[PDB]
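Below is one structure, written out as structure tokens; the observations come after it.
Neighbour counts run over all protein chains shown; Cβ positions are idealised from the backbone, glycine included. None of the figures in this text is laboratory data; all of them are computed from the coordinates on show.
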Amino acid sequence: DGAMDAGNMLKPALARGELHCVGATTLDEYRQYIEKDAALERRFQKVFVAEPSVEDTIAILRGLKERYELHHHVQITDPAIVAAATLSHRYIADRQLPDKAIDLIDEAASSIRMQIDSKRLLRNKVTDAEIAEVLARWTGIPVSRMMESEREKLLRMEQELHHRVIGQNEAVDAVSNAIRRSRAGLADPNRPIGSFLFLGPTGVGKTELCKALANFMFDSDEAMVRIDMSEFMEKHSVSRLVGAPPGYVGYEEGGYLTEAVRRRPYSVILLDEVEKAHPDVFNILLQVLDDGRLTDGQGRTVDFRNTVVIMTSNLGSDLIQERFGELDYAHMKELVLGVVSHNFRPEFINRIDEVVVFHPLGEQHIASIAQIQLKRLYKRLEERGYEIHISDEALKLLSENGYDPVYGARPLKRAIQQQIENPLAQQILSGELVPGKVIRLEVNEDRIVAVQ
Amino acid sequence: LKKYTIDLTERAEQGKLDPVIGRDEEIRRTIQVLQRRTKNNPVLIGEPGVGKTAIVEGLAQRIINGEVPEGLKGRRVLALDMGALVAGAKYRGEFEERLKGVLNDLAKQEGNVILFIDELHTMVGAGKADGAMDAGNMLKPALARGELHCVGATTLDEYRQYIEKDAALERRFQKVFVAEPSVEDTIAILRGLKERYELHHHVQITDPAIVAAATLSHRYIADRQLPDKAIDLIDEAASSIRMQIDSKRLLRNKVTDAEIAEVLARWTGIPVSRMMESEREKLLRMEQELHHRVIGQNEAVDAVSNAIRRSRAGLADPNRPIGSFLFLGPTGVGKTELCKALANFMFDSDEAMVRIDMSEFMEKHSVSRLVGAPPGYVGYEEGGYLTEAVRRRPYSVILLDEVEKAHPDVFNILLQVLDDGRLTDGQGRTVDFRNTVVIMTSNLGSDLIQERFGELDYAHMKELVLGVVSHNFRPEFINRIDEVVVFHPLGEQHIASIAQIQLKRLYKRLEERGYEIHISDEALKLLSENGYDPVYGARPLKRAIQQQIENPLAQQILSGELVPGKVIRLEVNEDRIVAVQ
Amino acid sequence: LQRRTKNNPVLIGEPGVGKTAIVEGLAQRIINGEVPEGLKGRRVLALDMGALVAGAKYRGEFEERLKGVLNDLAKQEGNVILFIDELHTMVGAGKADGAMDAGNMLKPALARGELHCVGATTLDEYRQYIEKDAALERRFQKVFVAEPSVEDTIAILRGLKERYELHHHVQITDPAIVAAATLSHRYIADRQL
Ligand SMILES: Nc1ncnc2c1ncn2[C@@H]1O[C@H](COP(=O)(O)OP(=O)(O)OP(O)(O)=S)[C@@H](O)[C@H]1O
Ligand SMILES: Nc1ncnc2c1ncn2[C@@H]1O[C@H](COP(=O)(O)OP(=O)(O)OP(O)(O)=S)[C@@H](O)[C@H]1O
Ligand SMILES: Nc1ncnc2c1ncn2[C@@H]1O[C@H](COP(=O)(O)OP(=O)(O)OP(O)(O)=S)[C@@H](O)[C@H]1O
Ligand SMILES: Nc1ncnc2c1ncn2[C@@H]1O[C@H](COP(=O)(O)OP(=O)(O)OP(O)(O)=S)[C@@H](O)[C@H]1O
């Protein structure tokens, strides 16, 4: 109420030296509590304790190794000591280095002790192979050992992305190679896992590849940090990516890009239609794409160096579908990089690890996207109880009425919405197409409707 | 201790905790942190609804059933209530000795107590009556030494709001991320939890209702989690089934997939319920119900009714809006009348529409009233017009009137709205547009449709360009609108029918005043003679009605020459429409 | 109000629509027996946050009496429907110097179904207060109270004309009832119907 606090009562005894006080505040709690009382800050010689090296932490972890080996009854190997101070320095960003190396050492020791009690893979030894299993569970960044079940999944990464992105071989080979470079440990630890400029015509598979990439590593299309850059046409819209400065509304809410990657650092970032953004929004992504370190408005640096940043754009579109049938991919990428040299600054084009040119879909690709978009329709109809069978006569109606070389594979989905589902919804609604019987989609000579 | 903690492990002995299905790796990771030497305090961060409190309640049932490691056998999970810790704590040091009485009673348990602080961010500043912080700071030595075994459970955005501010306390807690489960992983959640909801409601929840509620709420509810938004479909369908058993041959018992869609359609408004009723007939005559208000435009009334029927059959692409139309055509032909007749069909109110008048977006910076200001700018809290109207009512008609009178890259912000059905505010809220009909009326090619619709069929009036520079100049906005309609110019046989539509609007304006109006078939023909201009559509008829009918009629209503009760008859006496009684 | 978990409904709408006059009309279905067998004899208690925060000067005094309400709502064996007019007031109420508000203390009891709470926020007081507390927004099922038609407002006004004829000792005619719902819907724009 009015009585004396502990600051003002030790203030005589601190200055006189009768009190040999040691404090251990943080740098932030010294500023907002002790440094605001400048008469009390006067009495306290601050000994700055720096965050140590990795090599200083391997010496720290080796000393209290036996204090954690005795509590968990495991033996922590020195490969696990070195790979806890190396891996936590790289992959943990919010924490500080003696501690976050001990958290890996302690929880890998705690998990081995779980694996002897709660059940050669029943043995009391913390190896570097399972410090990383704790860190891949801490962070989500798959730094684990990856023995054969996921090793076989991404040896077939291209034909698992070609289940959903038909054609675009040079693009599926570009993103599958960046995930193999990271998961073989060959990726540059400073830059992101991949930086991709997906150029190409419209409707051609370049946002489909990001949705199939995010489906590959996260089993959900909506498991990417999807950022539509056409909401960033204004120069002051970079406040949506990094957040508001201190003093301003929605400053506590943070950014959208930084706060999504600070939560899950192993992400896929889609920057859709990136040329529609203001040219000062790419300046935010300069520090994201090379030495990935986007900073909040709060001043929290976010490590983007475990993300796959994909920037899909529509820029060589007039030049790609005009010249792809007469150029190889080397001369075509050479010619579209001349077009995006006029849109993006050379600073920004130089950060991108792979500028990928998507080719316009031929008639034999759109005949195969017809199979995808119709199997999506059968799964949409077995939810309602109806069983559809397309004819091969009606498949080459949709692969010909849905083939427009300018507009990609969206006319085919539009042909499915118009001459498959538009008359089929009339007949599901009228009741004359009953479930249970297999619905056959034939052609009379030009178009006939479902028959059962 | 027992004054301030609820025992989750004796709640689990008595069966009062819900069964917890899945989360085998989020409970193993929260056990692995709890078995650490120092700083054994696992924090279950996640979105609100994902199952963070149910991990500790499924850890508490795991240390009872003995599916837990030794060392956690026989633990007590004690839910620390921090509203009870700061309850009577008026005087100084009354909270701080309550908190220390808990910490000293946790030390007498010899580490055989797991502490649960649900809503862990409420510990950050709980005493706080003198200056520097009390709880948090008082638990900070015990949390770092490894003496509490304190399981937290915060959301992701109350962790950064409250706990990441105290970076010394954020240190002491190991973030166990609790991801929102799959639609497949929450079917197994709802199956091992339906007996708790079959028993409270005295109903039967069928497994089709379990698969429906996980699938439908994942698709149709956007501001909800996983297990949380699928449970309250089977919880509120069962609550509604039990109401129509207890209150008013006439009493079903099962919760089926139809009752799940019936409560999701009352939640969201998106009509996902069932198409067996008398409203299945309303959609078969959608073109007849739209042609009571839109004369002609058959290739447009068919095209906007096919997309409603494609959604109600469940055939619509769930990743795009319901329809995405470009209504091209001349002036006064029924482009905005069809978007008004459609919202009058779907919502039975003409103004029940998110109509954006796109002739206010002639500047590029006007696009931020669709989505709102960014963080830090003025009007950021208000959100956008388009985003907050579709966040509230997700099943909408969005009319974008006169799109060609917008800035040519306001349509960039609709590239995600039409292809993907998403649009993000300045506040970072992604609004789903996948249940909207986005109609975009425009007057492009109006000089081309008025010139060539008699010469060409509709297939050629929609294209008819081999090498000419611009049918539509928009590059890749045009292939994500799913159906482009050319509206045709209204002939005299159409404007004879709009003459009767616009006169029935006039008859209702007069029967609200007590007057009863009769048109002759010659004054109807005289309106359709001089209300027919071809290049101006059907507004010169609405001018010919207000000039040749309503202008003498308003002068004769005010002068008392036409009193109510008697029938007013509009016939031609000389070549003019007079009103006689 | 009759589900197992998280049984907290809210008449979210616009100001004037009839949100407070649903819980005033649910509290009359309860007396007249026009509720199901689970709400027979229940009590709709209207918790005001202005009396809980009033005089809660000391540390704990808001917490003590809000926990005192929750301890006294539990003695009712679940027979009390709680009703918070202006539910956005709770989100932040009692906010001292870092301590949690009424929103965080009611968050365990709202999600378990111990509170059969009813909220009555508008659509934009829910958006700026409760929808920011995303874990409290979860505990509350949005019952969207739509603004009625003119044809539903003449039916409203016909039921209330006996209550306004009695306050003013005037006689309201049914043309005056139809005109007040038809003309205000057309000419008044700032209010809801
Ligand atoms: N190569 C492809 N393989 C399979 N489906 C495809 C392919 N290309 C397009 N599609 C389908 O067509 C839709 C539109 O293609 P997108 O790739 O999303 O458009 P886009 O490639 O981003 O081009 P823009 O510039 O955004 S119009 C996708 O959602 C798929 O369903
Ligand atoms: N794995 C699970 N098994 C069974 N029920 C679950 C599971 N996960 C969640 N639930 C239930 O789904 C609902 C989710 O609510 P809670 O998990 O208690 O809330 P929460 O996850 O703590 O999120 P907040 O931020 O505390 S509101 C509850 O009814 C849980 O019982
Ligand atoms: N085909 C029609 N059927 C019925 N009424 C019509 C028709 N066309 C026009 N009208 C009437 O005339 C008015 C003007 O037509 P609108 O459709 O609103 O203008 P528009 O045809 O959409 O073209 P604009 O000027 O470019 S917005 C409508 O409000 C109706 O009252
Ligand atoms: N369905 C209804 N039946 C009868 N009277 C009603 C109905 N809806 C509203 N009213 C009356 O119309 C007025 C509406 O006021 P309230 O319903 O109290 O305000 P509100 O809906 O709670 O909005 P606020 O300002 O956010 S409290 C009151 O006089 C009610 O008595």
Response to the item:
The lone condition A:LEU155 fails out of (1) closer than 30 Å to A:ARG414 by Cα; (2) surrounded by fewer than 17 Cβ atoms within 10 Å (Cβ to Cβ) is (1)
Discussion item. Show the residue pairs meeting these rules: Cβ distance below 8 Å; 6+ apart or different chains; first residue within the stretch B:245-274 and among the acidic types (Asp, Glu); second residue surrounded by fewer than 21 Cβ atoms within 10 Å (Cβ to Cβ) and in a loop (DSSP other than H, G, I, E, B).
Written reply: B:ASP246/C:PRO36; B:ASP246/C:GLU37; B:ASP246/C:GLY38; B:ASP257/B:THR206; B:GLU262/B:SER273; B:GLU262/B:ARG274
Worksheet item: Only one of C:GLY18, C:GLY38 is more than 16 Å from ligand 2 (Cβ to nearest atom) and farther than 13 Å from C:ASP85 by Cα; which?
Response: C:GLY38
Item to complete: Return the pairs, sorted by first residue and then second, in which the second residue is assigned to a loop (DSSP other than H, G, I, E, B) and loosely packed, with under 10 Cβ neighbours inside 10 Å, the first residue lies in the stretch A:43-54 and is of a type in the set (A, V, I, L, M), the beta carbons are less than 9 Å apart, and the residues are 6+ apart or on different chains.
Response: A:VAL47/A:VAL22; A:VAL49/A:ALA24
Worksheet item: Any idea which of B:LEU264, B:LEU250 is among the hydrophobic types (A, V, I, L, M, F, W, C) and either on the phi > 0 side of the Ramachandran plot or over 20 Å from the mean Cα position of the chain (by Cα) (or both)?
Response: B:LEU250
Worksheet, complete the sentence: Taking the stretch B:417-429 and keeping residues within 21 Å of A:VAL249 (Cα to Cα) and more than 8 Å from every other protein chain (Cβ to nearest Cβ) leaves B:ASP425, B:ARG429
Item to complete: All but one of (1) surrounded by fewer than 19 Cβ atoms within 10 Å (Cβ to Cβ); (2) under 25 Å from B:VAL333 (Cα atoms) hold for B:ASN443, so report the exception by its number.
Response: (1)
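Scan the stretch A:428-440 for residues that are crowded, with 18+ Cβ neighbours inside 10 Å and in contact with a strand residue (DSSP E or B) (Cβ under 9 Å, 6 or more places away or on another chain) and jot them down. It would help to see each step written out before you state the result.
Looking only at the stretch A:428-440, we keep the residues that are crowded, with 18+ Cβ neighbours inside 10 Å, and these are A:428-429, A:433, A:439.
Within the stretch A:428-440, A:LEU433, A:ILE439 meet the criteria.
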Worksheet, complete the sentence: Taking first residues from the stretch C:126-149 that are at the interface with chain B (Cβ under 7 Å from one of its Cβ atoms) and second residues anywhere that are within 16 Å of ligand 2 (Cβ to nearest atom) and assigned to a helix (DSSP H, G or I), the pairs with Cβ under 8 Å that are 6 or more apart or on different chains are C:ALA134/B:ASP157; C:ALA135/B:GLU158; C:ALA135/C:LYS107; C:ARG138/B:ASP228; C:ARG138/C:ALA111; C:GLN141/B:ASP232; C:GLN141/B:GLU236
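Can you tell which of B:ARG474, B:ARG480 is surrounded by 13 or more Cβ atoms within 10 Å (Cβ to Cβ), among the basic types (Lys, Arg) and touching a helix residue (DSSP H, G or I) at 6+ places or on another chain (Cβ under 8 Å)? Walk me through it before giving the result.
Values: B:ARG474 fails: touching a helix residue (DSSP H, G or I) at 6+ places or on another chain (Cβ under 8 Å).
Criteria check complete, one pass: B:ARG480.
Sort through B:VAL403, B:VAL390, B:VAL367, B:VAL378 and tell me the only one that's surrounded by fewer than 23 Cβ atoms within 10 Å (Cβ to Cβ) and at negative phi.
On the way: B:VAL403 fails: surrounded by fewer than 23 Cβ atoms within 10 Å (Cβ to Cβ); B:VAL390 fails: surrounded by fewer than 23 Cβ atoms within 10 Å (Cβ to Cβ); B:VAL367 fails: surrounded by fewer than 23 Cβ atoms within 10 Å (Cβ to Cβ).
None of the others qualify; the one that does is B:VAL378.
Please find, within the stretch C:1-46, the residue that is nearest to ligand 3 (Cβ to nearest atom) out of those that are among the charged types (D, E, K, R) and buried (at least 17 other Cβ atoms within 10 Å of the Cβ). Walk me through how you get there before you give the answer.
We begin by selecting, within the stretch C:1-46, every residue among the charged types (D, E, K, R); these are C:3-4, C:6, C:14, C:19, C:24, C:29, C:34, C:37, C:40, C:42-43.
Subset that is buried (at least 17 other Cβ atoms within 10 Å of the Cβ): C:3-4, C:6, C:19, C:42.
Values: C:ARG3: 46, C:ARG4: 51, C:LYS6: 46, C:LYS19: 34, C:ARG42: 51 Å.
Applying the filter and picking the extreme gives C:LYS19.
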Worksheet item: Across the stretch C:101-135, which residue is farthest from ligand 3 (Cβ to nearest atom) among those that are within 18 Å of B:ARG224 (Cα to Cα) and either charged (D, E, K, R) or touching a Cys at 6+ places or on another chain (Cβ under 8 Å) (or both)?
Response: C:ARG112
Fill in: From B:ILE270, B:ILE241, B:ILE245, residue being within 11 Å of chain C (Cβ to nearest Cβ) and more than 30 Å from B:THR53 (Cα to Cα)
B:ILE245
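Scan B:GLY454, B:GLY421 and give me the residue that is surrounded by fewer than 17 Cβ atoms within 10 Å (Cβ to Cβ) and away from ligand 2 (no atom under 16 Å from the Cβ).
Details: B:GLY421 fails: surrounded by fewer than 17 Cβ atoms within 10 Å (Cβ to Cβ).
Matching residue, one of B:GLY454, B:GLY421: B:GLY454.
Results for (1) touching a helix residue (DSSP H, G or I) at 6+ places or on another chain (Cβ under 9 Å); (2) closer than 30 Å to A:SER110 by Cβ; (3) within 14 Å of chain C (Cβ to nearest Cβ), shown as yes or no for each residue.
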| position | (1), (2), (3) |
| --- | --- |
| B:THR154 | yes, yes, yes |
| B:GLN174 | yes, yes, no |
| B:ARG191 | yes, no, no |
| B:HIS200 | yes, no, yes |
| B:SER217 | yes, no, yes |
Response to the item:
Selection from the stretch C:33-71 of residues more than 13 Å from chain B (Cβ to nearest Cβ) and within 16 Å of ligand 4 (Cβ to nearest atom) yields C:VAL44, C:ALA46, C:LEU47, C:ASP48, C:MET49, C:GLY50
Item to complete: Enumerate the helices (runs of 4 or more DSSP H) found wholly within the stretch C:85-193, keeping only those where 3 or more residues are more than 16 Å from ligand 2 (Cβ to nearest atom).
Response: C:150-168, C:174-187
Discussion item. If I ask for residues that are more than 25 Å from B:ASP419 (Cβ to Cβ) and small (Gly, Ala, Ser), which ones from the stretch A:248-288 would you list?
Written reply: A:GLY250, A:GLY254
Response to the item:
Only unsatisfied item for C:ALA74, checking (1) closer than 29 Å to B:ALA79 by Cα; (2) more than 10 Å from every other protein chain (Cβ to nearest Cβ); (3) surrounded by 15 or more Cβ atoms within 10 Å (Cβ to Cβ); (4) among the aliphatic types (A, V, I, L, M), is (3)
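Residues checked against (1) within 16 Å of ligand 1 (Cβ to nearest atom); (2) within 14 Å of another protein chain (Cβ to nearest Cβ):
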| position | (1), (2) |
| --- | --- |
| B:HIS471 | no, yes |
| B:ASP482 | yes, yes |
| B:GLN493 | no, no |
| B:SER520 | no, no |
| B:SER528 | no, no |
| B:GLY537 | no, no |
| B:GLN556 | no, no |
| B:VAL563 | no, no |
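Are any residues in the stretch A:379-407 within 25 Å of B:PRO208 (Cβ to Cβ) and of a type in the set (A, V, I, L, M, F, W, C), and if so, which ones?
A:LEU381, A:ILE388
Identify, please: which residue in the stretch C:114-148 is among the polar types (S, T, N, Q) and within 12 Å of ligand 4 (Cβ to nearest atom) and is, among those, surrounded by the most Cβ atoms within 10 Å (Cβ to Cβ)?
Step one: list which residues in the stretch C:114-148 are among the polar types (S, T, N, Q), which gives C:121-122, C:128, C:141.
With within 12 Å of ligand 4 (Cβ to nearest atom) added as a condition, the list becomes C:121-122.
On the way: C:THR121: 27, C:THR122: 20.
Here the residue is C:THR121.
Looking only at the stretch B:219-238, filter to residues that are acidic (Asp, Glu) and within 7 Å of chain C (Cβ to nearest Cβ); which one of those is farthest from ligand 2 (Cβ to nearest atom)? Outline the logic, then answer.
Step one: of the stretch B:219-238, the residues acidic (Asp, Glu) are B:223, B:228, B:232, B:235-236.
Narrowing the set further to residues that are within 7 Å of chain C (Cβ to nearest Cβ) leaves B:228, B:232, B:235-236.
Numbers: B:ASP228: 4, B:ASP232: 8, B:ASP235: 8, B:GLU236: 13 Å.
Per the stated criteria, the residue is B:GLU236.
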Response to the item:
Log entry, pairs with first residue in the stretch A:191-207 being of a type in the set (D, E, K, R), second being outside any loop (DSSP other than H, G, I, E, B) and more than 16 Å from ligand 2 (Cβ to nearest atom), beta carbons closer than 6 Å, six or more apart or on different chains, reads A:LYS206/A:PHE198; A:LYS206/A:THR312
